[PDB]
file model.txt (compact mmCIF, C-alpha atoms and all ligand atoms)
# COMPACT_ATOMS: atom_id res chain seq x y z
CA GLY A 458 1.12 15.73 25.24
CA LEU A 459 1.10 12.98 28.01
CA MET A 460 -1.66 10.78 26.32
CA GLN A 461 -0.24 7.57 24.73
CA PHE A 462 -2.44 5.02 22.99
CA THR A 463 -2.07 1.48 24.51
CA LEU A 464 -3.23 -1.71 22.77
CA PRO A 465 -4.16 -5.05 24.37
CA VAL A 466 -1.04 -7.15 24.98
CA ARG A 467 -1.49 -9.52 21.97
CA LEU A 468 -1.83 -6.46 19.63
CA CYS A 469 1.00 -4.59 21.47
CA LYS A 470 3.31 -7.62 20.54
CA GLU A 471 1.95 -8.82 17.12
CA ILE A 472 1.82 -5.16 15.64
CA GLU A 473 5.65 -5.03 15.64
CA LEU A 474 5.80 -8.09 13.31
CA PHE A 475 5.55 -7.71 9.50
CA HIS A 476 2.66 -10.26 9.10
CA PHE A 477 0.27 -8.65 11.68
CA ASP A 478 -3.45 -8.50 10.62
CA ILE A 479 -5.29 -5.35 11.94
CA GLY A 480 -8.38 -7.52 12.66
CA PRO A 481 -12.14 -7.33 11.90
CA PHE A 482 -12.96 -4.49 14.42
CA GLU A 483 -13.22 -1.27 12.27
CA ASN A 484 -13.42 0.97 15.36
CA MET A 485 -9.89 0.02 16.57
CA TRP A 486 -8.06 0.84 13.27
CA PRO A 487 -7.66 4.61 13.99
CA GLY A 488 -6.25 3.80 17.42
CA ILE A 489 -3.87 1.32 15.70
CA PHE A 490 -2.75 3.97 13.15
CA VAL A 491 -2.28 6.69 15.79
CA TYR A 492 -0.37 4.11 17.91
CA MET A 493 2.02 3.46 14.97
CA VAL A 494 2.59 7.29 14.41
CA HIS A 495 3.51 7.94 18.16
CA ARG A 496 6.00 4.91 18.21
CA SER A 497 7.31 5.64 14.64
CA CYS A 498 7.65 9.45 14.73
CA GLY A 499 7.11 10.71 18.35
CA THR A 500 4.04 11.66 20.54
CA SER A 501 4.92 15.29 19.49
CA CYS A 502 4.91 14.92 15.57
CA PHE A 503 1.21 15.96 15.07
CA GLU A 504 -1.44 17.68 17.26
CA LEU A 505 -3.83 14.88 18.38
CA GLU A 506 -7.02 17.15 18.09
CA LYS A 507 -5.94 17.56 14.32
CA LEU A 508 -4.55 14.00 13.56
CA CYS A 509 -7.86 12.40 14.68
CA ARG A 510 -9.87 14.73 12.37
CA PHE A 511 -7.51 13.97 9.41
CA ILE A 512 -7.82 10.21 10.10
CA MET A 513 -11.65 10.28 10.25
CA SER A 514 -11.86 12.48 7.09
CA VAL A 515 -9.54 10.05 5.19
CA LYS A 516 -11.59 7.09 6.59
CA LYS A 517 -14.77 8.70 5.13
CA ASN A 518 -13.27 9.30 1.60
CA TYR A 519 -12.57 5.55 1.08
CA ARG A 520 -15.57 3.81 -0.46
CA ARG A 521 -17.22 0.52 0.49
CA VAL A 522 -15.53 -1.62 -2.23
CA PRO A 523 -14.43 -5.25 -1.74
CA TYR A 524 -10.64 -4.61 -1.55
CA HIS A 525 -9.47 -0.95 -2.11
CA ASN A 526 -11.07 0.14 1.16
CA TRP A 527 -10.22 1.71 4.56
CA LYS A 528 -8.91 -1.68 5.86
CA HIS A 529 -6.32 -1.61 2.97
CA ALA A 530 -5.16 1.91 3.86
CA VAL A 531 -4.42 0.92 7.50
CA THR A 532 -2.92 -2.48 6.41
CA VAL A 533 -0.50 -0.74 3.97
CA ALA A 534 0.25 1.96 6.61
CA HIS A 535 1.10 -0.84 9.08
CA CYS A 536 3.67 -2.56 6.78
CA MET A 537 5.48 0.80 6.22
CA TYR A 538 5.43 1.02 10.09
CA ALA A 539 7.18 -2.39 10.32
CA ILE A 540 9.74 -1.32 7.65
CA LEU A 541 10.39 1.99 9.36
CA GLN A 542 10.81 0.43 12.86
CA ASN A 543 13.31 -2.26 11.60
CA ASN A 544 15.38 0.47 9.74
CA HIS A 545 15.34 3.02 12.64
CA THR A 546 18.23 5.34 11.60
CA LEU A 547 18.00 5.20 7.73
CA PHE A 548 15.04 7.69 7.55
CA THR A 549 14.68 11.43 8.32
CA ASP A 550 12.00 12.78 10.76
CA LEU A 551 10.11 14.22 7.71
CA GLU A 552 10.17 10.83 5.80
CA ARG A 553 8.64 8.99 8.82
CA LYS A 554 5.87 11.71 9.08
CA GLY A 555 5.15 11.79 5.28
CA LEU A 556 5.41 8.05 4.45
CA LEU A 557 2.79 6.80 7.04
CA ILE A 558 0.32 9.52 5.84
CA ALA A 559 1.16 8.53 2.21
CA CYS A 560 0.19 4.88 2.88
CA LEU A 561 -3.09 5.81 4.70
CA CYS A 562 -3.94 8.15 1.73
CA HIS A 563 -2.43 6.10 -1.17
CA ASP A 564 -5.82 4.73 -2.43
CA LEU A 565 -8.28 7.57 -1.46
CA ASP A 566 -11.67 7.59 -3.39
CA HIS A 567 -10.87 4.36 -5.29
CA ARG A 568 -13.90 2.92 -7.10
CA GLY A 569 -12.64 -0.70 -7.52
CA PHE A 570 -11.46 -0.19 -11.16
CA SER A 571 -8.03 -0.09 -12.91
CA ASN A 572 -6.55 2.86 -14.82
CA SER A 573 -7.25 0.65 -17.94
CA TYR A 574 -11.00 0.59 -17.12
CA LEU A 575 -11.07 4.41 -16.63
CA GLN A 576 -9.41 4.87 -20.13
CA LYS A 577 -11.73 2.39 -21.98
CA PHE A 578 -14.80 3.87 -20.19
CA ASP A 579 -13.59 7.40 -21.09
CA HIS A 580 -14.12 8.41 -17.41
CA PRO A 581 -13.27 12.14 -17.03
CA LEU A 582 -10.36 11.41 -14.61
CA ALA A 583 -8.67 9.76 -17.73
CA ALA A 584 -8.97 13.08 -19.71
CA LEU A 585 -7.65 15.05 -16.69
CA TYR A 586 -4.56 12.73 -15.92
CA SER A 587 -3.32 10.57 -18.89
CA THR A 588 -1.01 8.36 -16.75
CA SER A 589 -1.09 7.11 -13.17
CA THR A 590 -4.82 8.21 -13.37
CA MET A 591 -6.12 6.88 -10.00
CA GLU A 592 -2.74 7.75 -8.41
CA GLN A 593 -2.79 11.46 -9.40
CA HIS A 594 -6.45 11.46 -8.16
CA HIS A 595 -5.45 9.93 -4.75
CA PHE A 596 -2.77 12.59 -4.19
CA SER A 597 -5.27 15.28 -5.31
CA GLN A 598 -7.87 14.05 -2.73
CA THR A 599 -5.01 13.94 -0.14
CA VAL A 600 -4.18 17.71 -0.55
CA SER A 601 -7.99 18.42 -0.42
CA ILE A 602 -8.32 16.81 3.03
CA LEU A 603 -5.09 18.50 4.29
CA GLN A 604 -6.77 21.92 3.39
CA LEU A 605 -10.14 21.52 5.23
CA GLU A 606 -10.38 24.03 8.26
CA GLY A 607 -8.74 22.03 11.18
CA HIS A 608 -7.14 19.13 9.17
CA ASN A 609 -3.57 20.52 8.44
CA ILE A 610 -1.50 18.08 10.60
CA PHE A 611 1.67 19.66 9.09
CA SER A 612 0.94 23.38 9.85
CA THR A 613 3.79 23.47 12.54
CA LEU A 614 6.34 22.56 9.75
CA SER A 615 8.39 25.42 8.15
CA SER A 616 7.49 26.54 4.62
CA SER A 617 10.32 24.40 3.12
CA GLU A 618 9.82 21.34 5.39
CA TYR A 619 6.08 21.42 4.38
CA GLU A 620 7.13 21.71 0.67
CA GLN A 621 9.42 18.62 1.15
CA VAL A 622 6.76 16.51 2.97
CA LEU A 623 4.09 17.17 0.24
CA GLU A 624 6.76 16.24 -2.40
CA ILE A 625 7.59 12.95 -0.44
CA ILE A 626 3.85 12.07 -0.23
CA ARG A 627 3.26 12.80 -3.99
CA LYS A 628 6.12 10.59 -5.26
CA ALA A 629 5.08 7.91 -2.74
CA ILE A 630 1.44 7.88 -3.89
CA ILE A 631 2.52 8.00 -7.61
CA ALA A 632 4.94 5.05 -7.04
CA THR A 633 1.91 2.84 -6.05
CA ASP A 634 1.02 2.75 -9.81
CA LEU A 635 2.15 -0.83 -10.45
CA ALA A 636 2.89 0.13 -14.12
CA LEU A 637 5.92 2.24 -12.90
CA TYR A 638 7.09 -0.51 -10.40
CA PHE A 639 8.81 -2.75 -13.06
CA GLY A 640 11.09 -0.05 -14.44
CA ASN A 641 11.78 1.27 -10.89
CA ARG A 642 12.88 -2.12 -9.45
CA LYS A 643 15.17 -2.78 -12.59
CA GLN A 644 16.98 0.57 -12.07
CA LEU A 645 17.38 -0.23 -8.31
CA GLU A 646 18.56 -3.80 -9.30
CA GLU A 647 21.41 -2.50 -11.63
CA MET A 648 22.34 0.27 -9.09
CA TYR A 649 22.80 -2.30 -6.22
CA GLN A 650 24.70 -4.92 -8.39
CA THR A 651 27.01 -2.35 -10.12
CA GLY A 652 27.57 -0.94 -6.54
CA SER A 653 26.48 2.64 -7.63
CA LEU A 654 23.42 2.87 -5.25
CA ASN A 655 23.91 6.04 -3.03
CA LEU A 656 21.23 6.71 -0.37
CA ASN A 657 22.33 10.46 -0.16
CA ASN A 658 21.60 10.77 -3.87
CA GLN A 659 18.01 12.12 -3.52
CA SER A 660 16.92 10.54 -6.89
CA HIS A 661 18.11 7.23 -5.30
CA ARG A 662 16.14 7.57 -1.97
CA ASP A 663 13.12 8.37 -4.19
CA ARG A 664 13.63 5.04 -6.08
CA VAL A 665 13.96 3.09 -2.74
CA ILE A 666 10.86 4.85 -1.23
CA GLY A 667 9.09 3.84 -4.45
CA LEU A 668 10.00 0.19 -3.86
CA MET A 669 8.96 0.35 -0.15
CA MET A 670 5.50 1.74 -1.20
CA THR A 671 5.09 -1.09 -3.81
CA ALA A 672 6.07 -3.70 -1.10
CA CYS A 673 3.58 -2.26 1.51
CA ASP A 674 0.79 -2.02 -1.15
CA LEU A 675 1.39 -5.75 -2.12
CA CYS A 676 1.80 -6.92 1.60
CA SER A 677 -1.43 -8.98 1.26
CA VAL A 678 0.99 -11.68 -0.18
CA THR A 679 3.33 -11.41 2.94
CA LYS A 680 0.72 -12.46 5.61
CA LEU A 681 0.07 -15.99 7.03
CA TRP A 682 -1.66 -18.26 4.45
CA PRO A 683 -5.28 -17.95 5.76
CA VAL A 684 -5.15 -14.06 5.61
CA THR A 685 -3.54 -14.23 2.13
CA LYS A 686 -6.14 -16.68 0.84
CA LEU A 687 -9.16 -14.80 2.28
CA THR A 688 -7.82 -11.43 0.96
CA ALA A 689 -7.39 -13.05 -2.56
CA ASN A 690 -11.28 -13.33 -2.64
CA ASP A 691 -11.56 -9.56 -2.05
CA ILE A 692 -8.87 -8.76 -4.67
CA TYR A 693 -10.65 -11.05 -7.23
CA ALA A 694 -14.15 -9.68 -6.38
CA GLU A 695 -13.05 -6.27 -7.75
CA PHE A 696 -11.18 -7.87 -10.70
CA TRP A 697 -14.22 -9.87 -11.88
CA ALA A 698 -16.55 -6.81 -11.30
CA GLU A 699 -14.21 -4.78 -13.67
CA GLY A 700 -14.34 -7.73 -16.06
CA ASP A 701 -18.14 -7.62 -15.96
CA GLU A 702 -17.98 -3.86 -16.83
CA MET A 703 -15.39 -4.54 -19.60
CA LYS A 704 -17.98 -6.99 -21.13
CA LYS A 705 -20.69 -4.24 -20.92
CA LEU A 706 -18.38 -2.00 -23.08
CA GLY A 707 -18.19 -5.03 -25.54
CA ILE A 708 -14.52 -5.88 -24.69
CA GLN A 709 -13.47 -9.45 -23.69
CA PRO A 710 -11.57 -8.79 -20.43
CA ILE A 711 -8.10 -10.34 -19.71
CA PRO A 712 -8.45 -13.75 -17.90
CA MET A 713 -7.31 -12.09 -14.57
CA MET A 714 -10.72 -10.30 -14.55
CA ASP A 715 -12.97 -12.92 -16.27
CA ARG A 716 -15.11 -14.67 -13.61
CA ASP A 717 -15.57 -17.54 -16.15
CA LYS A 718 -11.83 -18.45 -15.62
CA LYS A 719 -11.71 -18.89 -11.76
CA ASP A 720 -10.24 -22.41 -12.49
CA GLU A 721 -7.10 -20.70 -14.05
CA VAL A 722 -6.63 -18.56 -10.77
CA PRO A 723 -4.05 -20.65 -8.82
CA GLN A 724 -1.87 -20.57 -12.01
CA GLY A 725 -2.32 -16.72 -12.26
CA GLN A 726 -1.20 -16.46 -8.57
CA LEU A 727 2.02 -18.33 -9.63
CA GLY A 728 2.79 -15.79 -12.42
CA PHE A 729 2.12 -12.85 -10.04
CA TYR A 730 4.34 -14.10 -7.21
CA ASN A 731 6.99 -14.96 -9.92
CA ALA A 732 6.68 -11.77 -12.10
CA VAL A 733 5.97 -9.16 -9.32
CA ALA A 734 5.79 -10.24 -5.63
CA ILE A 735 9.10 -12.24 -5.30
CA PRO A 736 11.26 -9.78 -7.25
CA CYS A 737 9.83 -6.78 -5.24
CA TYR A 738 10.75 -8.14 -1.79
CA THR A 739 14.03 -9.72 -3.12
CA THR A 740 15.27 -6.27 -4.33
CA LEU A 741 13.83 -4.67 -1.12
CA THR A 742 15.70 -7.25 1.06
CA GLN A 743 19.02 -6.54 -0.81
CA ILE A 744 18.67 -2.75 -0.16
CA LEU A 745 17.08 -3.04 3.36
CA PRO A 746 18.28 -6.30 4.88
CA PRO A 747 16.00 -6.10 7.98
CA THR A 748 12.92 -6.54 5.64
CA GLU A 749 13.75 -10.21 4.95
CA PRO A 750 10.72 -11.50 6.91
CA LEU A 751 8.49 -10.03 4.08
CA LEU A 752 10.53 -12.06 1.49
CA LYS A 753 10.34 -15.29 3.59
CA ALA A 754 6.51 -14.88 4.10
CA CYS A 755 5.98 -14.19 0.37
CA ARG A 756 7.94 -17.42 -0.57
CA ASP A 757 5.97 -19.51 2.02
CA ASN A 758 2.77 -18.25 0.25
CA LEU A 759 4.11 -18.90 -3.28
CA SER A 760 4.63 -22.45 -1.96
CA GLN A 761 0.99 -22.54 -0.64
CA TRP A 762 -0.31 -21.67 -4.19
CA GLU A 763 1.88 -24.48 -5.70
CA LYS A 764 0.03 -26.87 -3.28
CA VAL A 765 -3.44 -25.54 -4.39
CA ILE A 766 -2.63 -26.70 -8.00
CA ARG A 767 -1.00 -30.08 -7.04
CA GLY A 768 -4.50 -31.11 -5.74
CA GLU A 769 -3.12 -30.89 -2.04
CA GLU A 770 -5.73 -28.07 -1.28
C1 LIG A 801 0.20 -7.15 -12.59
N1 LIG A 801 -0.37 -8.51 -12.50
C2 LIG A 801 -1.26 -8.87 -11.44
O1 LIG A 801 -1.57 -7.96 -10.59
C3 LIG A 801 -2.09 -10.18 -11.38
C4 LIG A 801 -2.24 -10.86 -12.60
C5 LIG A 801 -3.07 -11.97 -12.61
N2 LIG A 801 -3.40 -12.85 -13.65
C6 LIG A 801 -4.31 -13.77 -13.05
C7 LIG A 801 -4.93 -14.83 -13.82
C8 LIG A 801 -6.08 -15.44 -13.22
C9 LIG A 801 -6.76 -16.45 -13.88
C10 LIG A 801 -6.27 -16.81 -15.13
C11 LIG A 801 -5.15 -16.19 -15.73
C12 LIG A 801 -4.46 -15.15 -15.10
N3 LIG A 801 -4.56 -13.56 -11.73
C13 LIG A 801 -3.80 -12.41 -11.41
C14 LIG A 801 -3.67 -11.73 -10.18
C15 LIG A 801 -2.81 -10.60 -10.16
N4 LIG A 801 -2.65 -9.86 -8.97
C16 LIG A 801 -2.97 -10.12 -7.64
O2 LIG A 801 -3.40 -11.23 -7.21
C17 LIG A 801 -2.64 -8.94 -6.71
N5 LIG A 801 -2.53 -7.64 -7.19
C18 LIG A 801 -2.18 -6.60 -6.34
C19 LIG A 801 -2.05 -5.17 -6.82
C20 LIG A 801 -1.93 -6.88 -4.96
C21 LIG A 801 -2.02 -8.20 -4.49
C22 LIG A 801 -2.38 -9.27 -5.36
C23 LIG A 801 -2.48 -10.70 -4.91
MG MG A 802 -3.91 1.93 -5.72
ZN ZN A 803 -3.28 0.02 -2.66
call {"tool": "encode", "arguments": {"input": "model.txt", "output": "C-alpha cells"}}
result
Amino acid sequence: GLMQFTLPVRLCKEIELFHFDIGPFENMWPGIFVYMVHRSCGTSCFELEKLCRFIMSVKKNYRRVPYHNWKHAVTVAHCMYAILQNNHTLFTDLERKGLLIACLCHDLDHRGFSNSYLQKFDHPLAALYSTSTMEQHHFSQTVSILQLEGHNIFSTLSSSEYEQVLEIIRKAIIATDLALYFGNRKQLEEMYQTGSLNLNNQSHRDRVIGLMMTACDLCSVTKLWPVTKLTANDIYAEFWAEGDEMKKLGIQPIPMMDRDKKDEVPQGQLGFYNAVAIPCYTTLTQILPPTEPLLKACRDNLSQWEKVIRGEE
C-alpha cells in the first residue's frame, strides 16, 4: 500500500517525456513499468504481489528476437504512458488500467515474422486465425497469462468491469495489426474534418484507441536520431531474416526484406515516414493536441533520413 517505486533523478525526469529511452539495463524495466502504472492509474489499481508475477510471466513469453522483444513491450507501454499523462482527464480508470497492460502484452510470443510469412509457410496459427494472425495469438497468450494461479491482476474488478477491460485489451492488441491502421486513420480523418467525431460514441473511442496503439507501436520513429537509427538495425535484422526464409520457400521477397537491397533502405525509410509514420501522428495530434511532441520528433527524423541520402551521412 505505502511502497512507491522511485527512479534515479535523470530517469524520474526523462520518463515523463515522449522520446525517453528505457536504457540497456534489462533488470530495471519492470521497475520502470510498475512506476508508470502507479503514476498513471494509482498505487491501488493492482495488488503488487500479483502485478510483479504478471510482469515476469509476460517478460518470459517474449522471445529473444532482434526487435519484437521484451524491450519493445516496455518501450510501447512507455509511450502510451506519455500519451495518458498528457491527456489526464480524457480517459476512464478502466482504460488507463487496460491500455498499459495491452501495450506490454501487444507482441507476446512473436517469432520475428509477418502475418504474410505465417500464411506462405502455412504455419498452423494461419489456419486457426485467417486475419490479424499474430495479433489474435498475442491476445490469446495474454488471457493465458491472466489465468495462471496468482496472475489475475484484475480479480478485484466487478464481473462487468472485467468484461469491459478484456474487451479494451482485445481491440487494442488487434489494432496493432498495421494492415487495419490505414482504414482506421482514414475514418478518423473524415470524422475530425466533417466535425462528426464524438468521444462518447464508443465506436469512436475504439477508433482513437486504435490510433494511439499504432502510434505507440511505431514510437521507434519518434525518439532522438541515434536511438531511431540504432533501432532501425534491429527492425531490419528481422525483415532480412524473413526475407531469407521467403527465399527458402522459393519466393523472391519484397525489397523491404531483401538483404541484397540495403542500399535502397534510406529511400524505403522515406516512403514509410511519408505513407505511415507522418500521417499517424498528424491525425493523432489533431485528435489529441498534447501529443504534438511525437509529430515534431517524427518530422525531425524524416529530415535525418533525407540527409542520409543527400550524402550528408
Ligand atoms: C508498411 N510498410 C513498412 O513497414 C516499411 C516498408 C519498407 N520498405 C522498405 C524498403 C527498403 C529497401 C528498399 C525498398 C523498400 N523499408 C521499409 C521499412 C518499413 N518499416 C519500418 O521501418 C518500420 N516498421 C514498423 C512496424 C515500425 C517501425 C519502423 C521503422
Ligand atoms: Mg506486433
Ligand atoms: Zn509491436
call {"tool": "closest_residue", "arguments": {"input": "model.txt", "among": "A:654, A:493, A:734, A:562", "to": "residue 753 (chain A)", "atoms": "only C-alpha atoms"}}
result
A:734
call {"tool": "residues_near_ligand", "arguments": {"input": "model.txt", "ligand": "ligand ZN 803 (chain A)", "cutoff": "8 Å", "atoms": "all atoms listed in the file", "output": "count of residues only"}}
result
9
call {"tool": "closest_residue", "arguments": {"input": "model.txt", "among": "A:640, A:458, A:683, A:725", "to": "ligand LIG 801 (chain A)", "atoms": "all atoms listed in the file"}}
result
A:725
call {"tool": "residues_near_ligand", "arguments": {"input": "model.txt", "ligand": "ligand MG 802 (chain A)", "cutoff": "12 Å", "atoms": "all atoms listed in the file", "output": "PDB file with C-alpha atoms, in the coordinates of the input"}}
result
ATOM      1  CA  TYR A 519     -12.570   5.550   1.080  1.00  0.00           C
ATOM      2  CA  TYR A 524     -10.640  -4.610  -1.550  1.00  0.00           C
ATOM      3  CA  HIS A 525      -9.470  -0.950  -2.110  1.00  0.00           C
ATOM      4  CA  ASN A 526     -11.070   0.140   1.160  1.00  0.00           C
ATOM      5  CA  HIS A 529      -6.320  -1.610   2.970  1.00  0.00           C
ATOM      6  CA  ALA A 530      -5.160   1.910   3.860  1.00  0.00           C
ATOM      7  CA  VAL A 533      -0.500  -0.740   3.970  1.00  0.00           C
ATOM      8  CA  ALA A 559       1.160   8.530   2.210  1.00  0.00           C
ATOM      9  CA  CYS A 560       0.190   4.880   2.880  1.00  0.00           C
ATOM     10  CA  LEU A 561      -3.090   5.810   4.700  1.00  0.00           C
ATOM     11  CA  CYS A 562      -3.940   8.150   1.730  1.00  0.00           C
ATOM     12  CA  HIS A 563      -2.430   6.100  -1.170  1.00  0.00           C
ATOM     13  CA  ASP A 564      -5.820   4.730  -2.430  1.00  0.00           C
ATOM     14  CA  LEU A 565      -8.280   7.570  -1.460  1.00  0.00           C
ATOM     15  CA  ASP A 566     -11.670   7.590  -3.390  1.00  0.00           C
ATOM     16  CA  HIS A 567     -10.870   4.360  -5.290  1.00  0.00           C
ATOM     17  CA  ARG A 568     -13.900   2.920  -7.100  1.00  0.00           C
ATOM     18  CA  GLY A 569     -12.640  -0.700  -7.520  1.00  0.00           C
ATOM     19  CA  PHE A 570     -11.460  -0.190 -11.160  1.00  0.00           C
ATOM     20  CA  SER A 571      -8.030  -0.090 -12.910  1.00  0.00           C
ATOM     21  CA  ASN A 572      -6.550   2.860 -14.820  1.00  0.00           C
ATOM     22  CA  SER A 589      -1.090   7.110 -13.170  1.00  0.00           C
ATOM     23  CA  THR A 590      -4.820   8.210 -13.370  1.00  0.00           C
ATOM     24  CA  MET A 591      -6.120   6.880 -10.000  1.00  0.00           C
ATOM     25  CA  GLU A 592      -2.740   7.750  -8.410  1.00  0.00           C
ATOM     26  CA  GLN A 593      -2.790  11.460  -9.400  1.00  0.00           C
ATOM     27  CA  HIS A 594      -6.450  11.460  -8.160  1.00  0.00           C
ATOM     28  CA  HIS A 595      -5.450   9.930  -4.750  1.00  0.00           C
ATOM     29  CA  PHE A 596      -2.770  12.590  -4.190  1.00  0.00           C
ATOM     30  CA  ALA A 629       5.080   7.910  -2.740  1.00  0.00           C
ATOM     31  CA  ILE A 630       1.440   7.880  -3.890  1.00  0.00           C
ATOM     32  CA  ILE A 631       2.520   8.000  -7.610  1.00  0.00           C
ATOM     33  CA  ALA A 632       4.940   5.050  -7.040  1.00  0.00           C
ATOM     34  CA  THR A 633       1.910   2.840  -6.050  1.00  0.00           C
ATOM     35  CA  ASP A 634       1.020   2.750  -9.810  1.00  0.00           C
ATOM     36  CA  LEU A 635       2.150  -0.830 -10.450  1.00  0.00           C
ATOM     37  CA  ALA A 636       2.890   0.130 -14.120  1.00  0.00           C
ATOM     38  CA  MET A 670       5.500   1.740  -1.200  1.00  0.00           C
ATOM     39  CA  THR A 671       5.090  -1.090  -3.810  1.00  0.00           C
ATOM     40  CA  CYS A 673       3.580  -2.260   1.510  1.00  0.00           C
ATOM     41  CA  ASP A 674       0.790  -2.020  -1.150  1.00  0.00           C
ATOM     42  CA  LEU A 675       1.390  -5.750  -2.120  1.00  0.00           C
ATOM     43  CA  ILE A 692      -8.870  -8.760  -4.670  1.00  0.00           C
TER      44      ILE A 692
END
call {"tool": "residues_near_ligand", "arguments": {"input": "model.txt", "ligand": "ligand LIG 801 (chain A)", "cutoff": "10 Å", "atoms": "only C-alpha atoms and all ligand atoms", "output": "number ranges by chain"}}
result
A: 524-525, 571, 633-636, 638-639, 671-679, 685-686, 688-693, 696-697, 711-730, 732-734
call {"tool": "residues_around", "arguments": {"input": "model.txt", "residues": "region 541-543 of chain A", "least_positions_apart": "4", "cutoff": "9 Å", "atoms": "only C-alpha atoms", "output": "list in words"}}
result
residues 473, 496, 497, 536, 537, 547, 548, 553, 747 and 748 of chain A
call {"tool": "residues_around", "arguments": {"input": "model.txt", "residues": "residue 648 (chain A)", "least_positions_apart": "4", "cutoff": "12 Å", "atoms": "all atoms listed in the file", "output": "NGL selection string"}}
result
:A and (641-644 or 652-656 or 658 or 660-662 or 664-665 or 740 or 743-744)
call {"tool": "closest_residue", "arguments": {"input": "model.txt", "among": "A:750, A:578, A:500, A:478", "to": "residue 705 (chain A)", "atoms": "only C-alpha atoms"}}
result
A:578
call {"tool": "closest_residue", "arguments": {"input": "model.txt", "among": "A:550, A:606, A:646, A:769", "to": "residue 739 (chain A)", "atoms": "all atoms listed in the file"}}
result
A:646
call {"tool": "residues_around", "arguments": {"input": "model.txt", "residues": "region 482-492 of chain A", "least_positions_apart": "5", "cutoff": "9 Å", "atoms": "only C-alpha atoms", "output": "PyMOL selection string"}}
result
chain A and resi 461-464+468+472+497+505+508-509+512-513+516+527-528+531+534-535+557+561
call {"tool": "write_last_selection", "arguments": {"input": "model.txt", "atoms": "C-alpha atoms", "output": "PDB file, in the coordinates of the input"}}
result
ATOM      1  CA  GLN A 461      -0.240   7.570  24.730  1.00  0.00           C
ATOM      2  CA  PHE A 462      -2.440   5.020  22.990  1.00  0.00           C
ATOM      3  CA  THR A 463      -2.070   1.480  24.510  1.00  0.00           C
ATOM      4  CA  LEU A 464      -3.230  -1.710  22.770  1.00  0.00           C
ATOM      5  CA  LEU A 468      -1.830  -6.460  19.630  1.00  0.00           C
ATOM      6  CA  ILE A 472       1.820  -5.160  15.640  1.00  0.00           C
ATOM      7  CA  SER A 497       7.310   5.640  14.640  1.00  0.00           C
ATOM      8  CA  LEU A 505      -3.830  14.880  18.380  1.00  0.00           C
ATOM      9  CA  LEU A 508      -4.550  14.000  13.560  1.00  0.00           C
ATOM     10  CA  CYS A 509      -7.860  12.400  14.680  1.00  0.00           C
ATOM     11  CA  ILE A 512      -7.820  10.210  10.100  1.00  0.00           C
ATOM     12  CA  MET A 513     -11.650  10.280  10.250  1.00  0.00           C
ATOM     13  CA  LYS A 516     -11.590   7.090   6.590  1.00  0.00           C
ATOM     14  CA  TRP A 527     -10.220   1.710   4.560  1.00  0.00           C
ATOM     15  CA  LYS A 528      -8.910  -1.680   5.860  1.00  0.00           C
ATOM     16  CA  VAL A 531      -4.420   0.920   7.500  1.00  0.00           C
ATOM     17  CA  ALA A 534       0.250   1.960   6.610  1.00  0.00           C
ATOM     18  CA  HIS A 535       1.100  -0.840   9.080  1.00  0.00           C
ATOM     19  CA  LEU A 557       2.790   6.800   7.040  1.00  0.00           C
ATOM     20  CA  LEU A 561      -3.090   5.810   4.700  1.00  0.00           C
TER      21      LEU A 561
END
call {"tool": "closest_residue", "arguments": {"input": "model.txt", "among": "A:549, A:544, A:709, A:532", "to": "residue 621 (chain A)", "atoms": "only C-alpha atoms"}}
result
A:549
call {"tool": "atom_distance", "arguments": {"input": "model.txt", "atom1": "CA of residue 585 (chain A)", "atom2": "CA of residue 604 (chain A)"}}
result
21.2 Å
call {"tool": "residues_around", "arguments": {"input": "model.txt", "residues": "residue 757 (chain A)", "least_positions_apart": "3", "cutoff": "10 Å", "atoms": "all atoms listed in the file", "output": "list in words"}}
result
residues 678, 679, 680, 681, 682, 752, 753, 754, 760, 761 and 762 of chain A
call {"tool": "closest_residue", "arguments": {"input": "model.txt", "among": "A:465, A:765, A:751, A:706", "to": "residue 579 (chain A)", "atoms": "only C-alpha atoms"}}
result
A:706
